[PDB]
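next input, structure requested:
(chains A, B and C, ligands or ions: 2)
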Amino acid sequence: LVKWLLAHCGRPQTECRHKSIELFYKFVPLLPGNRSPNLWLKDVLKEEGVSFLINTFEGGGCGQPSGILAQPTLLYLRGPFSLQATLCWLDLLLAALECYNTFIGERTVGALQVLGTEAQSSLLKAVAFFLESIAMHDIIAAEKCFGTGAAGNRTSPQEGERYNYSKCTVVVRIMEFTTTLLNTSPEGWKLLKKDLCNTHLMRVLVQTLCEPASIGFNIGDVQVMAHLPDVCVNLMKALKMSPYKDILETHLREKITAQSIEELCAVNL
Amino acid sequence: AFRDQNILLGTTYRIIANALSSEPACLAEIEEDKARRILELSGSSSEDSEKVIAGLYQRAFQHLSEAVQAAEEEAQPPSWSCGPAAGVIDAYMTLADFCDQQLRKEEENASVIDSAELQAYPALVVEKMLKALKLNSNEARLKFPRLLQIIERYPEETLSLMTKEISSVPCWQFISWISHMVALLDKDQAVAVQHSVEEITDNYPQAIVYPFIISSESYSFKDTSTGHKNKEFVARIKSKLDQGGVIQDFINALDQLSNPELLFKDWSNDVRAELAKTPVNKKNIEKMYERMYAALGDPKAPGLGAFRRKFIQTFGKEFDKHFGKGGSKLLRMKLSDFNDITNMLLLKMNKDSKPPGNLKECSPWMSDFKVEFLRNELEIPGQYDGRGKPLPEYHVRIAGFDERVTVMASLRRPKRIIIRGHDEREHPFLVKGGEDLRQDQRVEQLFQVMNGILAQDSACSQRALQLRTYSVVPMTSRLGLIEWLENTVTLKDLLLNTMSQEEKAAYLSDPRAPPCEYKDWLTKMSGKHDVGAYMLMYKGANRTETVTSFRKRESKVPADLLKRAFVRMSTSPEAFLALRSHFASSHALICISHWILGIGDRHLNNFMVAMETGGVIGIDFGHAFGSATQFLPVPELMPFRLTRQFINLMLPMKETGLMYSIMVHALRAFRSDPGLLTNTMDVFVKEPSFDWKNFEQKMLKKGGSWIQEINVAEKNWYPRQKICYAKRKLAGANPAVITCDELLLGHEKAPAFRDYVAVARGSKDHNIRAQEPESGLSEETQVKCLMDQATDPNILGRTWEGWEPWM
Amino acid sequence: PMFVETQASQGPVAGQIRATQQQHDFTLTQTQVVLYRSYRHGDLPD
Ligand SMILES: Nc1ncnc2c1ncn2[C@@H]1O[C@H](COP(=O)(O)OP(=O)(O)OP(=O)(O)O)[C@@H](O)[C@H]1O
Ligand SMILES: [Mg+2]
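Numbers count the residues shown, from 1 in each chain, chains lettered A, B, ... in the order given. Ligands and ions are numbered 1, 2, ... in the order given. Below, you will see the structure:
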């Protein structure tokens, strides 16, 4: 049962994935071995390569060769444009991000033994592509990569709002995963410099800080607007304790200054 | 108006020419003034009958061509509706049907003088038929195999023309005839349909996948320049249809439901037929053994379930101890020892079969069927009808399979599965494995054509005469699905559940019951206890003896059995009246339709009754076009089933009431315009899969009344006599004459052929089917002869005992 | 259709029901031999 729960952790179903992770973390410490999840996962990663755990995280739970491991970027969907096919890839990326953030965040594995090895991984490429192409623009960004010729037309407000909600959940998950990587691994800042934190993450962070509505965060809802400042300040406090302080300071200063406040509040009648 | 005038004038000339050609002496039966007028209108001068006919045909063709030319001028509306396209389609189809009937009447006579005249007719037919189909014509859509068979006889005139003309027809106009197009992808005329086949594959892969799988196991590409191209095209279509192999594993899972002890029996039968016909062949025998052992010998199968896994574990050592590890010993084995080995194996297999009732222990794939992510969506087969443009987004997709599997208590043991679709409803189907269901699909298509014909006749449409049809979807040559009719039971079960305990016990066990008294009478009239009892009884027993015996045997069966069955299932008299009326109407329609198509194996288990509406539903179409009267050892001489129960149900009314009127109206509707039905039946009987070899195994898989394997060594399978007798029936022939012709074709050397035809023809003293001419009968006279032949006690007293003529 | 029993791979008085006990191995979510008895009045339809 715990093997099945582990193998079905990277499935795109949000509630089912949460339940499969909770049941795993509740059933492992009561196995006949009676040990922590870290020790059991370490003892099971030896009889078979870490590629097993990698394909478990990235590869979908429902379909084995159907995760982001078989399609790292959105440029692998041969079908035409469809919100149902964009949201499924978004949910696969979210399921991978949550699995990584839950496993590395609970000290179950090492941040460098699962993401800094020589095995095939598609997490960094996917998150970099998302931050560089989708995380900044509207649904047109996801539409310009599904057979670019003969682009679609205007979308309904619900079709736009569900896409915006999915993108705003994915960006928050990326922020939480980066905060986890920073707060847990003191030397894990190396592998996230290649494509994760160069300019795209800093740009989307300083954009979320100043104008959240430009990314798609709906204002008229308190269930997420009372959590977004928390993850924002946590990511900023994690960056201020890292060598990435300089680029954060540069982006933040070029985004907001005192003269900006002055020219904004000059006329108030 | 000019187009319509030209059309009507050509039609009048065609009618006059056909009337003259059907009765050349009828010209003298008219006044000399009218005959002179006809001679002047014909344009001929030789006064010869053939000259006048040719002149009238020439005038008709000229007028029809002028009408079509006028229709092809200044008639191109952007919004092609059913109003403006009416006259254009009418002209196209009129010219096409004229030239097509000319070509057909030319292909029947060996001596062909009309050669220079009938030169541009094939190309004209093809072009006009395709241009009408482009205008969304149903009459042109239902006559596409006519073009497919015309381009075969006249390739140099129509191959390139059709190849360049069909490229402008919507691909969804061929879904109804996709099985004919995918079947000739290895012939020389394959290029004419490759474009439409590829377009269908690109747009609607679910509507071509099963026919392509059926046709792909019989391709015989030749070693020519065009053969390699056809094989490459077929390979590309196969690679484009094998999207994710979902169809293949679905077919495998459905095949896991079939009983292995019956697949083994079928394999033994076909290798037995292969081991005796020709001097023993090595390659074919080893290929059959490999294809058999791949599913019943290897425990390492992809989708093996516990049901077949137990059979494999129990009978995989015998396939090595008796067979030579791949067929070496089987190849050098003799037919006599092989028979004993197979009989012992079949005994020890049927000793313990125990079909399971849970889907998890017979086919694991369907048990844990889960809709994957970004995978190919499976679809419930049988939803692509060639009527209009299909909407695949509205088609029901398979979302799961129910866990309960119901096994039927028949010989072949079919399985009933319940497929749960994405529409939140259940769809039950009947899984029949090891049986070719293509003939049943073609019969259902013929019934759909008949329903379309009946829907256009006023006398039939005002009474809502429609045959109850179901969807038959063959996937391979040994597996197919059949739509399960909800809340329906067979007629024999309805009759048996109505009898009381004592009545049922008497009918089944008492030695004076009809089932036993009939065999006792056959023994006392023949002296034998085998099939030869009928052969000797047809010679020994006279009319009076068997008539009195049958009238006495009928008396031991409850009279109002069906009436009690109908009053037991109804509450108010309104319900009983409606049930009885619907039963009578549906039974009359089924009888007349099956007589038109020549269905013969109409016993009590081939009729299903809807327990909520009372209608009758025909199933199990194994015999067609007189196949039961021609090839069975005990010939069936009745056109349909009109036994004593059906007569007693209508009391105090007679058979000349509702059933007679329904039969007359249906026959008149079928004979009004039989061109479409005749063309469809001719396409049916000319299928390469409907030869004698397929009929052999079809009869072997049942063994109900057929004699045996090696009894009929000759073929004697006449594909043209079937459609000839069908046209004779639709022309007004006497049913007794058709029955006698079928008897002459089937049992000519039998010692009771004279008695057979004497019983089938009747006597001019009691049965009115010999007091009438052999042709030219009206619909009413034909129905009277049919009811006289189907209720003749002299015929019913000599029927095979499994048909149960007493009830 | 009704469910069919799963095929095997290979190989105290009448009118006496259990009595209502109180021992429960699971604790109720705050928001031993079996004793038998006979059918009372309001147990079965009259
Ligand atoms: N389309 C159908 N819908 C519902 N029930 C069906 C259907 N076809 C067959 N059946 C039921 O399944 C039984 C067996 O099916 P099948 O037609 O394969 O039998 P069979 O070989 O013709 O046997 P028999 O001739 O003895 O009736 C029928 O007697 C009938 O009760
Ligand atoms: Mg039958």
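
name the nearest residue to residue B:706, ignoring sequence neighbours.
The spatially closest residue to residue B:706, leaving aside those adjacent along the chain, is residue B:699, at 4.2 Å (Cβ to Cβ, 6 or more residues apart in numbering or on different chains). Backbone N, C-alpha and C define where each C-beta goes, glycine included.

name the helices or strands packed onto the helix or strand hosting residue B:343?
Per DSSP states H and E, residue B:343 falls inside helix B:335-350. Packing partners of helix B:335-350 (3 or more Cβ pairs under 8 Å, 6 or more residues apart in numbering or on different chains; DSSP states H and E): helix B:260-276, helix B:306-315.

circling back: ok and the helix or strand the residue nearest to residue B:706 falls within relative to helix B:260-276, angle-wise?
Secondary structure from DSSP H and E places residue B:699 in helix B:692-700. Interaxial angle, helix B:692-700 versus helix B:260-276 (axes from the mean of the first three to the mean of the last three Cα atoms, to 10 degrees): 140 degrees.

close to ligand 1, is helix B:692-700?
No: for helix B:692-700 and ligand 1, the contact criterion (Cβ under 6 Å from any ligand atom) is not met; the two come no nearer than 11.2 Å.

give the helix, strand or coil label for the residue located most distally from the centre of chain C.
Farthest-out residue of chain C from its mean C-alpha position, per Cα atoms, centre = their mean: residue C:10, at 29.4 Å. Per DSSP: H, G, I helix; E, B strand; the rest coil, the local secondary structure of residue C:10 is coil.

if I look at it, how far off is residue B:296?
20 Å (Cβ to Cβ, to the nearest Å).

equivalent analysis for residue A:50, please.
Counting by Cβ to Cβ, the gap from residue A:50 to residue B:296 is 42 Å.

do the same with residue C:38
With Cβ to Cβ as the criterion, residue C:38 and residue B:296 are 57 Å apart.

more crowded one of the two?
residue B:296 (19 against 10; other Cβ atoms under 10 Å in any protein chain shown).

ok, that one touching residue B:266?
No: here residue B:296 does not reach residue B:266: they are 11.1 Å apart, not a contact under Cβ atoms under 8 Å.

could you report the neighbour count for residue B:628?
For residue B:628, the count of nearby residues is 26 (other Cβ under 10 Å).

the closest residue to residue B:435 other than its chain neighbours and ligand 2, how far apart?
Distance criterion Cβ to Cβ, 6+ apart; nearest residue to residue B:435, sequence neighbours excluded, is residue B:701 at 6.2 Å. Using Cβ to the ion, to the nearest Å, residue B:701 is found at 12 Å from ligand 2.

what about the helices in the stretch 1-150 of chain B?
Using DSSP state H, counting those that start in this stretch, the helices of the stretch 1-150 of chain B run over residues B:2-22, B:32-42, B:49-71, B:85-106, B:121-134, B:138-141, B:144-153.

which of these is buried the deepest?
helix B:121-134 (a mean of 23; mean count of other Cβ atoms under 10 Å in any protein chain shown).

quick one, it and helix B:144-153 angle?
Angle, helix B:121-134 to helix B:144-153, by the same axes, to 10 degrees: 150 degrees.

please state the offset of helix B:121-134 from the chain centre?
28 Å (Cα atoms, centre = their mean, to the nearest Å).

just the CA atoms of that helix, as PDB, please.
Output of helix B:121-134 as PDB, limited to C-alpha atoms (Å, rounded to 0.1, in the frame of the first residue of the first chain):
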ATOM      1  CA  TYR B 121     -22.700   5.000 -70.400                       C
ATOM      2  CA  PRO B 122     -20.200   3.900 -67.700                       C
ATOM      3  CA  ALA B 123     -18.400   7.200 -67.600                       C
ATOM      4  CA  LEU B 124     -21.700   9.100 -67.700                       C
ATOM      5  CA  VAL B 125     -23.000   7.100 -64.800                       C
ATOM      6  CA  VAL B 126     -19.900   7.600 -62.700                       C
ATOM      7  CA  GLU B 127     -19.700  11.300 -63.400                       C
ATOM      8  CA  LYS B 128     -23.400  12.000 -62.800                       C
ATOM      9  CA  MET B 129     -23.600   9.800 -59.700                       C
ATOM     10  CA  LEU B 130     -20.600  11.500 -58.200                       C
ATOM     11  CA  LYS B 131     -21.900  15.000 -59.000                       C
ATOM     12  CA  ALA B 132     -25.200  14.100 -57.400                       C
ATOM     13  CA  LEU B 133     -23.400  12.700 -54.300                       C
ATOM     14  CA  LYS B 134     -21.500  16.000 -54.100                       C
END
